[PDB]
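In: sequence first, structure after; it's an experimental one.
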Amino acid sequence: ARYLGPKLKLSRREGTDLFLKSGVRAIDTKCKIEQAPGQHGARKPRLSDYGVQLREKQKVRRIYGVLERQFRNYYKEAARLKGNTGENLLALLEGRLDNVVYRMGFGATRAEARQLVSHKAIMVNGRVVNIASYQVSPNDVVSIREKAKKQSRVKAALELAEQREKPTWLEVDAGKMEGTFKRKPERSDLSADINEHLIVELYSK
Amino acid sequence: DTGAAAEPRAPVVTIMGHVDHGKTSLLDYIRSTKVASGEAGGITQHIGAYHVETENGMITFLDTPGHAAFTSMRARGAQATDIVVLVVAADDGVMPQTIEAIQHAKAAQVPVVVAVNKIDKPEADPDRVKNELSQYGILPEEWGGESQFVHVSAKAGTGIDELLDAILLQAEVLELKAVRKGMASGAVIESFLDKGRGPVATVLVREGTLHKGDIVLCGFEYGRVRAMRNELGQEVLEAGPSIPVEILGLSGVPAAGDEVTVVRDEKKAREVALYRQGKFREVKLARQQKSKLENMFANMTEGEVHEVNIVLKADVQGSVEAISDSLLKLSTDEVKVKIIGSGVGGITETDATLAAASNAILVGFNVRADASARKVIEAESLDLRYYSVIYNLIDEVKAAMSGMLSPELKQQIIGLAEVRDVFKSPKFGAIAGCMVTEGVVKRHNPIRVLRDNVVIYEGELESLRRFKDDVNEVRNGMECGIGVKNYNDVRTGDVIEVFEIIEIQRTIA
Amino acid sequence: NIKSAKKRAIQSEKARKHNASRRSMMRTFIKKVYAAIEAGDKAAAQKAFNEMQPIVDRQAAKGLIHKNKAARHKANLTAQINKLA
Amino acid sequence: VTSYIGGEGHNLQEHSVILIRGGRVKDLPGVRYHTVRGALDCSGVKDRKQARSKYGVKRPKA
RNA sequence: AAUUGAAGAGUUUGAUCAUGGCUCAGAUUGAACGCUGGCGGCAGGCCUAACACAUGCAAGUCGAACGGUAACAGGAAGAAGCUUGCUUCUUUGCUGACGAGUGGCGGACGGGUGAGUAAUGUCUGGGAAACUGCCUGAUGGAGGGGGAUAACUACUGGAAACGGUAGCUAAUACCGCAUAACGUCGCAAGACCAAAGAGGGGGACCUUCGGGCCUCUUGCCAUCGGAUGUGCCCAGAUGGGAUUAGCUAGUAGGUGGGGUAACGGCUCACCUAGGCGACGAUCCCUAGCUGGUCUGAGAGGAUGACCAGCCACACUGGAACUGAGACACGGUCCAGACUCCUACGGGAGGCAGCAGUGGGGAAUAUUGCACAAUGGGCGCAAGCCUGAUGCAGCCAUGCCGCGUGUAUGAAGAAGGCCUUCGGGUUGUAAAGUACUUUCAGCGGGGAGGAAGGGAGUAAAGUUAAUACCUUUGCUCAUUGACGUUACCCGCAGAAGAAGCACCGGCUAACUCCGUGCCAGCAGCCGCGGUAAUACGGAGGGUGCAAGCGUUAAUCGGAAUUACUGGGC
Ligand SMILES: Nc1nc2c(ncn2[C@@H]2O[C@H](COP(=O)(O)OP(=O)(O)NP(=O)(O)O)[C@@H](O)[C@H]2O)c(=O)[nH]1
């Protein structure tokens, strides 16, 4: 239940930086981003009204690395949950364990964050968690265990994690190599360029 | 198959010959059974293995009937057995079926011991058998060819003591190799289909080991064994490399014979079994494309296109492959016969449907009609015939074929007449006055109109009329009259030849 | 199939043969009651009524007549004998 | 009932009972069905590479 | 805080707008087929032949009802081969137990099936005219006798199944007598009806020295209640067809008699001529119904697998018995069809129980393990039995989680494909370099499902009694089918693991080559007759993932049956 192919093709086909190539370097410079999506990608960017609805869903799925069947449950869960359906969609995705591991700066990329979580090196409230789709709630503390601590994979991630946005909704800490989820992320703190109204539309028909 | 453990085993023995050397009698007397002539046909048309307990040690017996039809059974029975026995009669001597059994002994490199069947009849002498079979390298006696002859009554029940001893010794002189525990493997004697029990097979196990939980794989068929049956015994817990045990619980009826190997897990053996099906299916479509394309033309070059179809389902798997080969022997260029949908047993809906599409006879070596089968057969017009023996079957199929033929070999003239002084008629356009010089002219019999030895016109008479009488028959040297449709020009001097048409009929051979 | 309650079959046969004799006698005492009701005998009807009274109540206590079937005989047959009497 | 044979060429004729998937495509008047390829006795399409699921073509060893 | 949610597109024409059908995007399934395929968890798994079946098992259990030794386990006694410590082989029910037999209770539960049944059905809401084992509450009896019988012996009919005749024997089997209201039958007076012992132990007056008796537990009998089940009645709702409009003699009602546990044409005799029906009787066709399931914004529509309630059915047809309850799945008989055994006279058998087979069909399973647990049956209990159940096996059938790497990496390599031959694209992809070892494989450790029950003790209860027994503590042994369990730790190395449809528009995703109304595609409108983004292959791409398609099925779209919500 993972992609495994080229991460930049997913970035190229969208025409937006997914932060999958980040790791050590950043801001692309060398790219070939957009411009030839396929072999005949140099053809004009004119596209259907239906296609841009699907194109938004693919952006959100290719960022977080989620499959359509697993992602079908998050719309179904976000719709039944109260308030705005679009705001609940990204809120449930933002509460994934792989992503919370990525936001605190343990993994240098989102796939690498799912990679480390799979190996049972991440522990919520003391207890270990294998599943990357583990839903993180308020007052949950998540940290790397004693085995495989202070490795160059996790150490280099936390070094360059300070250069990013540094999210307010969770404490970076990184002193004892741990983290804490303070509260549920706001609408202003995420989204912006990725729209929720476009992805929420696609499921209605 | 590890540890290299070597344990002695009971020798498996097969017996061959010309039909009638009382080959069966030898077994039944030892078995103290006498099932002979208790079954339809009076002879053994099936194969079975029976183990008996007699001093010294243990021994089992296997038997296959010798006939032109069973090419495969005698071939497989030879290679499976460690020792082969050839029955021979002083009255019968050597016969072309017996020499056929000679080849199976040498080609399978199996040592052979033989027995003289009749010491009872005064016209029977051993010296005749020894000398006449001397010419063949097989069966030397005291010439330094290590082969030993036995003289038994087979009716008298006379020893035997010698034959038994030779068999034990012949198995004793050669090293007996087997193992009590290990990976089980072996060959299949005969397979058939049962209604309650399900698909079953009679299996000789080379390495002797078994268990209800062990997974067994026979050919392209796989499955877990539900139960085990040995001869009369309904249930056996364990089975050794010596004694044969009927296997049960396999997915479907396997091949008439093949190598069987048990496996640890069934899941690992599923892909292997399906793999063998793919190859057997690929060659099936391969042989299908060749035979159709072989003619290299859209039809047959001649008139043999008329053929007969048959549908066969036999209870036993061993027969359908074996007798079909003999069923293809009776095939001829004129009438071609082919088998369609050979079954493992009984009868079924799709089988009766198979005979419904193309007209065919539905026959079985041994079968009973299912409740759903009777409804279809009774409704549409069909034929259900079951035959206890293969000989009564091989004769009637030929009979079906012989009848199919429609030959008329006679075109002899009925009468010859010359026409003179043509008359005009409104209906036929002409009436040619005639005078019959020879024979009798008839109405519906065809005629050949010829002038100057070449045939100007041909046809069949429509109206034969003399005067206003319009008689259907006119003799020779009696004034006669004739007219026919589609004949424009009547000229004097020509002669009309009328001839009757008869069919000789045909026979197959 | 040789199975479990073939012992109960011969017991139910013995119980049938037992109860069939006791139900038959019970009714033949009731048969003598209407012999006097069909006739004009008041004394013989009450005589046969007091003969059936012990036996019929004894069947309900045994548990074969089933309580009210026994009581219904005496209920109706009390009403029958005193129409003319 | 009449049935359409998909793919280029076939070995089907006379005997050998075949599977029928169904579904209607309109071209030869009266056809309401389609035959299954690579099922029971029916051969799949030879030398085909794209669309192997349709027409019973197996994956070649690469 | 809780049924808070409504999409359209394509196609009539030269073109347009209505009207209007067809078609597609969605979800769903007890699925199948085609191709492919790593693991785990949970659930699902003969939808057709209510077609028929091999074999084992699916209900037995009480010696604390009773006569008993048929088994082997001891103990005891005796006789022997002898080693001086033992085996060996006949006796003895002394005993732990228990074949068969009599008796008690359960075989009416559990499990299966969807053939019938369009209403002796079901769902919903009421009613009165009933019974109801085991289990509980209340007030009293459990006195005294008799005649039989299976088992087992003596014979005999049989091939087998299964008997016959004559003896003998116990009981919680059976039948009289006595006992008799609060019960039954009556206005009343009255009449009338019941039973059974067994086991624990024990001081005292005591035995024909069995045990009375006292006491404990258990069971029987009778009546009045409770609970539970079940019977029965009424109303409404619960399919299609008017190309079925008339249908009914026990039919509708009464009286009397009989009948049922109980009201009743329930069943008879007689009397009267009614009864049902356009608000669809009757007939015909199809069907178990419901909680729900699926779809839908809702209203509705379709549907009745699994789970649970009710009903019917148990090879077909019909009937009765036993019993509290059955008009009886593995019970009885009779008839029909079918199969097996046979000495040919005669018997035995019913997988729509769990597995499994023939056969049907596109297609759906292991002839498994355990009573460890849960709920039943019996018993005082141990404990026995339990294909119910709990588990495992099998299949991707469905649903859900996870893996098949991660980071770095331009030479934007090689090769493929295209190219106006400048280059682009596959492509950070690969290789290379640096990291990690989940799930698998291998080696270790190790929860929970497990409370009881058993054997000794301590005290308080019962009691004439510190017997006994019940309850409550304590301590000592234990009882896991699943189970190489779940889970945790270590070892080795990117090692063992990605395919399928599709890319003309609808509809996300394009060029070349080959073929040339040929071969084929296609859901709809349509492509191909020599520049095919529509076929076939290739490169590239998109969707989706141990799944992906096709097909079939129902709803949605369909405001195209429109009550909500349309026209004439
Ligand atoms: N005189 C005599 N006749 C014998 C003797 N042994 C057998 N037979 C005859 O052989 C006959 C039995 O033959 P059988 O064994 O059935 O032959 P078979 O083995 O079936 N032949 P095949 O193998 O070809 O099928 C009997 O009828 C008997 O008369 C014997 O010793 N003496």
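Out: Good, I have the coordinates. Numbering: from 1, shown residues only, chains lettered A, B, ... in the order given.
In: spatially nearest residue to the residue of chain A found nearest the ligand (excluding sequence neighbours)?
Out: Relative to the ligand, the nearest point of chain A is residue A:1 (66.0 Å; C-beta to the nearest ligand atom). Heads up, the C-betas are built off the backbone N, CA and C, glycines and all. Leaving aside its chain neighbours, residue A:1 sits nearest to residue A:67 (5.6 Å; criterion: C-beta to C-beta, 6 or more residues apart in numbering or on different chains).
In: kindly report the same for residue C:25.
Out: The shortest distance from residue C:25 to any non-neighbouring residue, by C-beta to C-beta, 6+ apart, is to residue C:55 (7.6 Å).
In: am I right that the one you found is in a strand?
Out: No: if the criterion is DSSP: H, G, I helix; E, B strand; the rest coil, then residue C:55 is helix and not within a strand.
In: now do the SS call for whatever residue of the stretch 401-509 of chain B ends up closest to RNA strand E.
Out: Residue of the stretch 401-509 of chain B nearest RNA strand E, by C-beta to the nearest atom of the strand: residue B:401 (28.0 Å). Classification of residue B:401 by three-state DSSP places it in helix.
In: how about the helices in chain A?
Out: Using DSSP state H, the helices of chain A run over A:7-14, A:49-64, A:68-80, A:85-94, A:97-103, A:110-118, A:152-161, A:196-202.
In: what's the answer for chain D, then?
Out: Going by DSSP H, chain D shows no helices.
In: residue closest to the middle of it?
Out: Against the mean C-alpha coordinate of chain D, by C-alpha atoms, centre = their mean, the closest residue is residue D:37 at 3.2 Å.
In: my read: that residue touches residue D:51, true?
Out: No: between residue D:37 and residue D:51 there is no contact under C-beta atoms under 8 Å: 11.2 Å.
In: neighbours around the residue of the stretch 1-150 of chain B found nearest chain D, how many?
Out: Of all residues in the stretch 1-150 of chain B, the one sitting closest to chain D is residue B:72 (24.3 Å; C-beta to the nearest C-beta). Residues within reach of residue B:72, counting by other C-beta atoms under 10 Å in any protein chain shown, total 16.
In: which residues of the stretch 351-500 of chain B lie near chain D?
Out: Selection of the stretch 351-500 of chain B residues close to chain D by C-beta under 8 Å from any C-beta of the partner chain yields B:354, B:357-358.
In: list buried residues within the residues you listed.
Out: residue B:354 (16 or more other C-beta atoms under 10 Å in any protein chain shown).
In: quick check: the residue nearest to the centre of chain D vs RNA strand E, distance?
Out: Distance from residue D:37 to RNA strand E, counting by C-beta to the nearest atom of the strand, to the nearest Å: 7 Å.
In: for that residue, what are its contacts?
Out: When contacts are counted by C-beta atoms under 8 Å, 6 or more residues apart in numbering or on different chains, residue D:37 touches D:6-7, D:43-45, D:54-57.
In: recalculate using a threshold of 7 Å.
Out: Shown in contact with residue D:37 (C-beta atoms under 7 Å, 6 or more residues apart in numbering or on different chains): D:6-7, D:44-45, D:55-56.
In: considering only those, which also neighbour RNA strand E?
Out: Among the contacts of residue D:37, the ones lying near RNA strand E by C-beta under 7 Å from any atom of the strand are D:6-7, D:44, D:55-56.
In: can I take it that residue B:489 is in a strand?
Out: No: using three-state DSSP, the assignment for residue B:489 is coil, not a strand.
In: centre-most residue in chain A?
Out: Centre-nearest of chain A using C-alpha atoms, centre = their mean is residue A:64, 3.4 Å out.
In: just checking, that residue touches residue A:100?
Out: No: judged on C-beta atoms under 7 Å, residue A:64 makes no contact with residue A:100 at a distance of 11.6 Å.
In: same for the longest helix seen in chain C, what does it pack against?
Out: For chain C, the longest helix by residue count, based on DSSP H, is helix C:6-38. On a contact count with 3 or more C-beta pairs under 7 Å, 6 or more residues apart in numbering or on different chains; DSSP states H and E, helix C:6-38 meets helix C:42-62, helix C:68-81.
In: so which of those gets nearest residue B:202?
Out: Across those, residue B:202 has its closest neighbour in helix C:42-62 (65.6 Å, C-beta to C-beta).
In: in stretch B:382-396, what's buried?
Out: B:382, B:384, B:386-387, B:390, B:393-394.
In: and stretch B:238-253, by the same measure?
Out: For stretch B:238-253, the neighbour count (16+ other C-beta under 10 Å) marks B:239-250, B:253 as buried.
In: what about the closest residue to RNA strand E within chain A, distance to chain D?
Out: Going by C-beta to the nearest atom of the strand, RNA strand E is nearest to residue A:23 of chain A, at 2.2 Å. According to C-beta to the nearest C-beta, to the nearest Å, residue A:23 stands 33 Å off from chain D.
In: OK, contacts around that residue?
Out: By C-beta under 7 Å, 6+ apart, the neighbours of residue A:23 are A:108-109.
In: that older thread, return the member of the residues of the stretch 351-500 of chain B next to chain D nearest to residue B:367.
Out: Distances from residue B:367 to those, taken by C-beta to C-beta, are shortest for residue B:354, at 14.4 Å.
In: just to revisit the earlier point, does the longest helix of chain C reach RNA strand E?
Out: Yes: counting by C-beta under 7 Å from any atom of the strand, RNA strand E has neighbours in helix C:6-38: C:6-16, C:18-20, C:22.
In: pull out the buried members of these.
Out: Neighbour-count burial (16+ other C-beta under 10 Å) applied to the residues of helix C:6-38 next to RNA strand E gives residue C:22.
In: closest to chain B out of the residues of helix C:6-38 next to RNA strand E?
Out: For these, the nearest to chain B is residue C:6 (25.7 Å; C-beta to the nearest C-beta).
In: circling back: ranking the helices of chain A by burial, who's on top?
Out: Of these, the one with the most neighbours on average (mean count of other C-beta atoms under 10 Å in any protein chain shown) is helix A:97-103, at a mean of 25.
In: just checking, what packs against that helix?
Out: Packing contacts for helix A:97-103, counted by 3+ C-beta pairs under 7 Å, 6+ apart, involve helix A:110-118.
In: enumerate every residue touching residue B:150.
Out: Contacts of residue B:150 by C-beta under 7 Å, 6+ apart are B:114-116, B:162-163, B:166.
In: in strands only, show me these.
Out: B:114-116 (DSSP state E).
In: touching, the residue nearest to residue C:25 and residue C:23? I think so.
Out: No: in this structure residue C:55 lies outside contact range of residue C:23 using C-beta under 7 Å: 11.1 Å.
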